[PDB]
Amino acid sequence: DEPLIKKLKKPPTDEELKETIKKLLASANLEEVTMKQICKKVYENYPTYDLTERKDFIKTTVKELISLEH
């Protein structure tokens, strides 16, 4: 053990979270995407994170883009 340290571990600001999703819908039909797919992909980019509150936002970011921007 020596090189293993890990010092960076913070949640991505909304600018980052939204960016991740903006990439998901940008690769799929909004009316054909569901909140379930957003959480799956989103986590893919946010694996080492405890997205709990900001998570409810992600799913809501697409669900609102499909109802107010299908």
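Scoring rules and cut-offs
- The scheme used for residues numbers each chain from 1 in its written sequence order. That scheme is not guaranteed to match the entry numbering, and residues without coordinates are omitted from view.
- The side-chain figures draw on all heavy atoms in the structure; neither hydrogens nor water molecules are used.
- Each helix is a run of DSSP H or I of at least 4 residues and each strand a run of E of at least 2, with the numbering of both proceeding from the N terminus.
- The span one expects for a helix is its residue count, reduced by one, times 1.5 Å.
- Note on exposure labels: buried denotes an accessible area under 20% of the residue type's maximum, exposed denotes more than 50%, and partly exposed covers the range between, all computed with a 1.4 Å probe on protein chains only.
- Each C-beta atom gives one direction from the helix axis, and the arc is the one those directions make.
- Only heavy atoms enter the contact rule, under which two residues are in contact if any of them lie within 4.5 Å.

For this deposition, the record names solution NMR as the technique by which the model was determined.

*Asks:* Go over helix 1 (residues 14-25) with me, naming the residues and quoting the values.
*Replies:* An ideal rise of 1.5 Å per residue puts 16 Å on twelve residues; helix 1 measures up with 16 Å between its terminal C-alpha atoms. If you check which residues of helix 1 are buried, you get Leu-17, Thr-20, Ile-21, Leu-24 and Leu-25. When helix 1 is viewed along its axis, its buried side chains cluster within an angular range of 135 degrees and face the same direction. Along its buried surface, helix 1 packs onto helix 2 (35-45) and helix 3 (53-67).

*Asks:* With reference to specific residues and values, describe helix 3.
*Replies:* Over its 15 residues, helix 3 extends 21 Å from the first C-alpha to the last, a length consistent with the 21 Å expected when each residue adds 1.5 Å. Residues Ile-58, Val-62 and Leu-65 constitute the buried set of helix 3.

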